[PDB]
Amino acid sequence: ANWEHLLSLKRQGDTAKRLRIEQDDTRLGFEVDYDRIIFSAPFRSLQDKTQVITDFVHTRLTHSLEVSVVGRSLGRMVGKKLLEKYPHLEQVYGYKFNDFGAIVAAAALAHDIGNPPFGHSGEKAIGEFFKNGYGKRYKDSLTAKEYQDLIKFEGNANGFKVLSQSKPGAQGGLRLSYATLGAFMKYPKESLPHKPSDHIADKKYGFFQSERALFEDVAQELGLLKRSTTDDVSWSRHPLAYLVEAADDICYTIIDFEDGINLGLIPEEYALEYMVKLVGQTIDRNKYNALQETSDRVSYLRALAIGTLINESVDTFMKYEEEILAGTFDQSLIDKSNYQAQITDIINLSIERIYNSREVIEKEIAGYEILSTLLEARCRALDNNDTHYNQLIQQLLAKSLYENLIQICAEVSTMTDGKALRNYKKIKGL
Amino acid sequence: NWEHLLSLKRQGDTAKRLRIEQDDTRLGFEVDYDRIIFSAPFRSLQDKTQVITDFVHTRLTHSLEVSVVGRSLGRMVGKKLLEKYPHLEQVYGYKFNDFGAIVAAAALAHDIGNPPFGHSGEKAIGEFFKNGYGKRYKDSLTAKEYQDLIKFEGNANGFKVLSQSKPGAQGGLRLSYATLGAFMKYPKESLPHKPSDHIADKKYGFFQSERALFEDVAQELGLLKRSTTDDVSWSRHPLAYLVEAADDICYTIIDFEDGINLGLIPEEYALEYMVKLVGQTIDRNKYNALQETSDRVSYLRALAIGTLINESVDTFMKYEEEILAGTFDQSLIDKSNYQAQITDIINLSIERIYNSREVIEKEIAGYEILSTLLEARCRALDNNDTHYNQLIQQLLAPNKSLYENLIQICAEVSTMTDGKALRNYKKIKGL
Amino acid sequence: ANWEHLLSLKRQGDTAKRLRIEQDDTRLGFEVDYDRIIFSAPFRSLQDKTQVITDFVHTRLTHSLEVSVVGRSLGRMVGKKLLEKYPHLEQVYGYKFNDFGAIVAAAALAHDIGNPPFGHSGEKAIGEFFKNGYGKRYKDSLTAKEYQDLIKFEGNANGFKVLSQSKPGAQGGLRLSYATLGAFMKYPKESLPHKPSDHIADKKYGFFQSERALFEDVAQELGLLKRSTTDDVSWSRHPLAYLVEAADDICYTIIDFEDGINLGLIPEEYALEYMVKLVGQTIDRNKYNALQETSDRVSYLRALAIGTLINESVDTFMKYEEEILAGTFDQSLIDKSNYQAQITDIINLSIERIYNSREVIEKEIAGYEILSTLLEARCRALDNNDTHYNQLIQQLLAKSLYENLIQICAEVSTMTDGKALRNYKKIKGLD
Ligand SMILES: [Mg+2]
Ligand SMILES: [Mg+2]
Ligand SMILES: [Mg+2]
């Protein structure tokens with residue numbers, strides 16, 4: 001692989017090359033990608049989409065924003081070092097350090113844009129509907145990969161669909177730069193085979209069969225290395241996808257901890273105990289001791305721990321840069337961290353006190369009923385579109401059979417929590 | 001013969017009632033109106049909304065306004081009929097207000113038997129017996145008995161509500177046969193289904209349980225036969241054309257008025273859609289001086305309804321003999337010089353009101369509510385011994401053949417107020 | 001049978017006898033039973049468990065307290081008279097009249113501890129679930145008596161399980177005296193055969209198969225008389241169980257009536273008419289006429305009527321004491337009352353005005369849906385414990401197949417109304 005091609009400014013449908021040296025610096029394709037996501041309806045809808053805890057103040061919008069800020073910093077710091085290592089990228093092709101930050105920031109901003117409501121439970125409810133619920137009746141009319149898309153419905157792949165879906169008058173969706181789409185693709189494989197190895201890039205899949213042809217275009221414009229030895233297609237990650245992943249991992253690990261503490265689920269005394277190693281060399285104890293509010297103290301620790309992990313991730317990336325470029329790096333960047341023990345203790349505490357708290361369990365149980373109900377109504381109307389009731393369902397909630405089912409899943413998944421519950425209540429009469 | 005069409009007979013009468021022998025302070029046709037006003041089914045329309053639920057758009061007010069428009073149509077046609085057939089007054093004693101009373105009473109009761117949620121409610125009841133739990137009874141019912149259920153009709157349920165016999169109260173409201181005739185827009189049974197494209201064959205007007213009653217009504221009125229087979233059908237009482245025009249006029253103009261007051265229809269469309277109907281009579285300087293939206297559209301509504309009333313009266317008299325002979329194949333409004341404008345109004349209401357998201361949501365919820373109450377009642381009917389089914393009995397139907405039980409369940413579910421249908425549904429589901 | 005053995009102080013697991021004369025009277029086994037019930041979690045939970053009416057001021061907790069007070073008087077007066085009849089019980093064995101009050105008071109206090117919410121409809125909802133709902137799939141994997149425990153699930157039998165359930169660290173449950181467990185058992189039989197005779201003691205059953213071995217121990221220690229060795233075990237009632245039953249019958253009859261009057265369902269004018277014979281000989285007419293509030297007048301009549309019925313029950317018990325000791329008394333104490341005519345009229349009106357009131361019917365209909373939903377979720381999670389959904393259900397809501405099913409029924413039954421409604425609403429997605 002080669003950074004000239006990995007940094008492609010191509011947009012869908014382009015007939016001519018886009019030279020980096022010919023970009024208007026006030027209209028740089030990578031920075032335009034950020035703005036197009038910010039102003040898109042799917043991104044705006046994240047305001048009414050909650051994280052694990054429903055407080056009105058912990059939204060999927062804020063997490064996506066904070067992940068993108070951490071990603072911009074990671075891309076900027078790695079970008080400067082890549083241009084020192086590969087100076088022809090600047091001198092000949094015209095690339096600049098902010099370009100790497102723009103790519104990572106845009107891809108990070110949109111990482112959760114396709115996830116269904118209710119978190120991983122939402123994904124499992126959609127899958128269970130097609131594995132064992134009403135939807136399993138379609139198994140014999142779909143390819144193995146088409147059915148695997150449904151029974152293992154993946155929010156990551158739905159995000160790729162959302163970013164690129166074509167509609168009359170809007171071919172290419174948001175038409176993001178191919179480098180940004182490459183940085184977005186954490187799992188560059190189709191739904192089959194399922195988990196062929198223990199590599200992180202193979203734990204899940206990144207595109208539906210409906211988007212296979214699109215990512216094939218992306219994968220070769222970027223010059224990504226083929227990996228699979230079969231008709232089952234798979235590529236090794238765009239190097240910048242490692243930075244998108246590190247930003248999410250850092251923010252999920254540290255900010256969930258901060259949230260659990262501010263919400264009262266995690267006792268405040270655990271903050272210093274679990275983060276002292278991550279913040280020791282940079283913390284100002286007199287500043288810390290002078291802070292009077294709990295929230296101000298843990299946010300201070302949060303900023304210090306994120307700064308530490310950002311710098312360490314940048315160094316880890318450059319240490320393994322050639323292995324990543326060759327598709328031989330077998331781990332995430334955070335897996336190589338010197339703070340793995342502290343990171344694991346933090347994650348396990350968040351699992352026990354937040355993700356397995358009674359309120360979250362209750363929300364996930366209700367999410368199953370809500371999604372299963374919306375999925376059954378749309379699928380029954382698809383099967384019998386002639387009855388008066390199914391026509392009403394058609395107007396309220398809303399090609400080949402597979403295209404209709406994957407579209408139904410994508411639409412149910414991008415519904416706000418408020419719209420999913422409201423439509424659920426009408427289907428039930430409340 | 002108009003003399004027979006103006007029958008004052010009430011169900012169970014053993015002797016004739018002559019028009020000339022009536023006390024005019026107690027005229028049978030006017031008593032009919034009063035009996036409807038005080039009836040429990042009519043009062044229940046206070047808690048029944050139309051498709052839009054604003055608390056100030058009830059089926060009660062719609063019914064009132066339809067009866068007012070009907071009285072005017074009947075009065076005006078009545079005066080002209082007594083000019084055409086003077087023996088009706090000089091010999092038989094009929095007066096022009098008699099025709100207004102008959103049309104007014106029948107129009108007042110037009111929506112009395114309709115289920116909640118509009119046409120979706122009728123469709124939900126039908127689907128229950130066609131493809132839901134109720135299909136199990138198909139083989140225990142005649143074709144016409146089953147057709148009553150799978151194509152359950154609010155018009156036919158209204159006839160049942162007006163006439164249903166109960167202990168201590170045989171004959172229901174016991175309205176004059178002229179009023180029941182003016183009420184019957186579809187004087188046929190559920191089968192055969194839509195035998196022609198005649199307006200009177202678009203639906204049916206009585207269930208099998210009321211067939212014998214309407215047979216008595218049609219013979220007394222001297223209605224003309226339309227079938228000579230065991231599938232009975234008759235030509236419409238001429239005054240049923242006026243009941244229908246009152247409904248057509250009010251549904252067209254007042255839905256529009258409501259859509260504008262509710263925000264569903266942009267006010268900027270008001271003049272454009274109504275200009276042909278009000279052009280010659282509108283005082284434009286008065287219209288521009290009115291400061292409230294509700295005042296401007298109620299002025300246009302009054303002008304458009306007055307225009308359509310006057311024209312409908314003239315259409316009725318132009319075709320009176322075809323109507324009296326049962327050869328008129330259309331509605332009065334179908335012959336209107338404003339058919340194109342009426343159609344544009346109705347289509348705009350369909351797009352902006354009936355297909356609005358709030359109306360769609362309510363109809364979807366209605367399907368669940370009604371389907372649930374029907375299944376609860378029908379399972380309780382099939383196994384009345386279980387504790388649960390005894391409670392369902394005490395709750396939904398306190399105090400017969402299989403068909404009579406099923407049609408009664410449909411009639412009772414249909415006449416539930418909005419509040420009681422949703423509340424009972426909530427309990428059977430625990431909300 | 002013998003009163004020396006019937007008054008056993010044995011607790012589950014004991015290795016040595018407990019002599020009454022050797023008890024510390026500040027720690028008397030029978031009085032300790034009362035305290036153990038008061039402080040137990042199942043008894044505390046009755047604060048959030050409502051009766052038929054839902055006024056927040058009519059709890060199953062208050063009823064249990066008042067029954068235990070009336071039960072203590074019954075036991076005290078019968079105990080004093082029994083020690084007169086059989087003086088050796090005090091002279092040689094050391095028993096005192098308050099011992100009989102304590103036994104009856106503790107058993108009466110715990111009579112409703114195992115009942116599901118929603119009254120007898122609640123028990124019927126659980127049974128219907130296993131008879132015709134999802135639970136019917138287990139029929140062929142259960143013995144006839146195991147399945148009968150489920151389809152005729154009995155709150156009395158669940159109470160016995162609650163008081164005796166052994167769990168790690170707590171063998172014997174609340175570890176109540178065997179005399180108290182004997183007085184608690186109004187139906188000393190298994191679920192099958194169903195109603196072998198018309199005797200009150202055969203109308204229901206008193207222990208599940210899971211607790212059979214245990215009542216066998218209790219019945220053996222108490223010397224209860226065997227009533228069947230047909231492999232279907234049954235015993236004659238502990239004599240004090242008649243007093244526990246009389247306390248519940250007096251309180252339910254008189255206090256349901258008073259509550260209905262205070263709530264408006266029964267017109268106050270019925271109070272004196274139905275109760276004059278029960279209070280006439282002891283009522284102070286001057287006091288009654290001076291009382292100004294309705295609630296004050298009916299509570300005065302209630303105290304008088306309850307006092308009359310307690311004295312009569314004490315006399316009925318002593319008259320039939322030997323027949324009861326011999327297991328040949330075939331009726332309840334209240335069945336022999338001279339006021340049976342007045343008791344019946346009181347009960348019938350309460351049924352008509354309270355138990356068949358629309359509010360109560362509605363609550364019971366919803367209870368069917370709430371209990372069926374909670375039972376189905378638990379049972380699907382039992383059958384497929386591997387799915388992600390069923391593991392979530394397990395973290396939220398929570399041996400042989402039968403032991404798992406009877407435990408699921410016991411846990412759903414002992415839920416407070418608040419957690420049952422909340423968990424049900426979560427399972428259904430409602431707030
Ligand atoms: Mg994330
Ligand atoms: Mg109408
Ligand atoms: Mg009781």
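Just so we're on the same page: letters track the sequence lines, and every chain starts at 1. All values below were derived from every heavy atom in this structure, side-chain atoms included, with hydrogens, water molecules and symmetry-related copies excluded.
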query = Under 6.0 Å from the NZ atom of B:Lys151, do we count more than 12 heavy atoms belonging to anything else shown?
reply =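 Incorrect, the count does not exceed 12.
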task = Under 4.5 Å, heavy atom to heavy atom: which of residues 120-135 of chain B reach chain A? Give them by number, or say none.
result =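 Residues in range: B:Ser120, B:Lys123.
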key: Option in B:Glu361, B:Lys429, B:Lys426 with maximal non-hydrogen atom pairs under 4.5 Å from chain A   =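 The residue among B:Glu361, B:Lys429, B:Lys426 with the greatest pair count is B:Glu361.
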Please give me the minimum heavy-atom distance between [X] and [Y], naming the atom from each residue.
| X | Y | value |
| --- | --- | --- |
| A:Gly429 | B:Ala365 | CA-CB, 3.5 Å |
| B:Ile364 | A:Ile427 | CG2-CA, 4.0 Å |
| B:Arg357 | A:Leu396 | NH1-O, 2.8 Å |

query = So, A:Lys426 and B:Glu368, do they make that salt bridge, N to O below 4.0 Å?
reply =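 Salt bridge: no.
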key: Check against side chain to side chain contact (heavy atoms under 4.5 Å, CB included), A:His388 and B:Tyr367   = CA-CA 10 Å; A:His388 175 85; B:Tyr367 251 86; 3.2 Å; yes
